[PDB]
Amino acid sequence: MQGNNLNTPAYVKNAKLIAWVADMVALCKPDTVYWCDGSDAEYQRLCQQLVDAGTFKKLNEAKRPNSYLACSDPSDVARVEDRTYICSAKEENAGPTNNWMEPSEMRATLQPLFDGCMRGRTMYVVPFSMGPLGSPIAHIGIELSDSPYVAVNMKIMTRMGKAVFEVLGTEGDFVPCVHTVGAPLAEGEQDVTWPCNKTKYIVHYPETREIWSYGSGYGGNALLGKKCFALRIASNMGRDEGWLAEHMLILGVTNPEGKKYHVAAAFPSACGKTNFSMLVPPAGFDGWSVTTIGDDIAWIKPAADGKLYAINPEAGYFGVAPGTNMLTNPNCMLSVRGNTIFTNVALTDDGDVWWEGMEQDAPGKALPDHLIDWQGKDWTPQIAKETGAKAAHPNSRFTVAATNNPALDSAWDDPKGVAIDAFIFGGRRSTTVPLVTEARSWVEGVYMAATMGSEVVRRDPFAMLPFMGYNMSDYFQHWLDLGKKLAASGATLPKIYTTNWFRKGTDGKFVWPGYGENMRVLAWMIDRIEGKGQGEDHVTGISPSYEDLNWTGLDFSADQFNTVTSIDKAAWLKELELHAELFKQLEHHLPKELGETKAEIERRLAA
């Protein structure tokens, strides 16, 4: 009778899973339970349900085929870090970068909120694989959600549906995820187009891998595979099992001889992982190609051959729309030509979408005369001047399948992963940090990643500040020990670089053109990996000289280059003071190796 009241499909053979779904249905009390099979027809039917509710508007089929626009409640527009918790058994295993609560107290807080939360709604059972299906390195999650928006976005972002239960079999384990918009409906009550609750919780219980999300229907709060599972829970699993879950793009780069390298790169917002992961080689780089394995999350495991192998556990892109155009990211623009869900962007008079930055592709770079903004209001360039209103919300999004990307790498879903030749850690700094620096050693590269900041300078170690599943200082130790254990196997460790696209010149403008021209920095990294690139040893590492880069096709002078690449001792003395402040905030439980690196920089500054 239980299984019959859950509408359990015949292909679900896993008794532990069914028992858990039954417990959550008993708690949440949905009116009906629907198991998502992941079919295209199911996706279309759910999209139609969203249209019928007013959550979606279907975009013009001649402008933007099979695409939809959703606009959210203005209270529910982004991840809410202050409402996100790591509820480890001990507070020290959440650490200073995480919000903590004793698990039993949090369970007592969440039980009355989830009791009956889905009254008047359908519970969607969303099975998904993070990583290629059936693979030895993939992990299965099940998200229960009362939002059809979550179901359709999860279809794009993960490997979702019936095929999961063949991999789960009768006894396979899974990450249990529960999500509610926190808006139960009474009989005859008219629903809103974007149900949500002012009260929000996004809770992780690491010891049981549970994720509970209440009150938001948006993005990283509600699509639980992306951040909650693939970074917060997965980082915990990696620490116990010897692998890494990182906030990194993964790209392949092939030179004209056909030699292929892979790079994993973490940016806090610098560049945009999305821009760099889909980089188009500029003039001077005929015969080179750049391909995308992923644009956001990397799972990385050492193999017996002494190499680090990365996979992208996601299946689509959930990208920030504003700023995207054919100059900053043509592969992304081409990706969103159709089959895309857009959230909180603007609506044009011909039933297409618009966002700030798209005018860069228009004749004269002219803004549109009129739009409907993401709040449903009339928008014009005059109105924008008078109210300051942006047409698209700054955190507005596109959701699109990886296979829409013309630069998708052939191995993007290869379960064996790709060997990482270099890590890159970015950051937006007007001063101090060179365009590119190679770390002299693994430990010094870890120091660079641990101390990376973005502009006042906010520190975001490894770009993981909002996403660490356990104590940040223990995570630094995990990186150091992984490198040590690999080097002890004889392995050659990946190079580590820091980049900075955002040094300002004496006129306050960015000197480095960026976007496709970042290929010229990537090509120096490749030369270094091959042992053919030259560089200047300085206080913090090795940086190219002007003559070490390929300038074919770009008018960029030696003085411009030295303006963004030279190091200054006064600036780095001030920078080390800021590192000291960060280390105090991390309560000095830091690995001794980070202290030794700081001391060695200080010695070079005083020599």
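So that there is no doubt, residue numbering starts at 1 and follows the sequence shown.
Asks: Check the residues of the deposited sequence separating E455 from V456 and report how many of them have no coordinates, as none, 1 to 3, 4 to 9, or 10 or more.
Replies: Gap between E455 and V456: 10 or more unmodelled residues.
Asks: So which stretch wins on mean C-alpha B-factor, 168-176 or 296-304?
Replies: Mean B over CA atoms: larger for 168-176.
Asks: Higher mean Cα B-factor in the deposited model: 252-260 or 78-86?
Replies: Of 78-86 and 252-260, the stretch with the higher C-alpha B-factor average is 252-260.
Asks: Could you say which of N153, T451, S135, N405 has its CA atom at the highest B factor, as listed in the PDB entry?
Replies: Of the options given, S135 has the highest CA B-factor in the PDB entry.
Asks: From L465, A384, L367, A245, pick the one with the largest CA B-factor in the entry?
Replies: Largest recorded C-alpha B-factor: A384.
Asks: When the modelled residues of the chain are sorted by Cα temperature factor, does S543 land in the lowest, middle or highest third?
Replies: Answer is lowest: the recorded C-alpha B-factor places it there.
Asks: By its CA B factor, does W288 count among the lowest, middle or highest third of the modelled residues in the chain?
Replies: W288: CA B-factor falls in the highest third of its chain.
Asks: Using the B-factor values recorded in the entry, state whether the Cα atom of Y201 falls in the lowest, middle or highest third among the modelled residues of its chain.
Replies: Lowest third, going by the recorded CA B-factors of the chain.
Asks: Could you say whether, by C-alpha temperature factor, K29 belongs to the lowest, middle or highest third of its chain?
Replies: Its C-alpha B-factor belongs to the middle third of this chain's values.
Asks: Using the temperature factors of the C-alpha atoms in this entry, rank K63 within its chain: lowest, middle or highest third.
Replies: As the PDB entry reports it, the C-alpha B-factor of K63 lands in the highest third of its chain.
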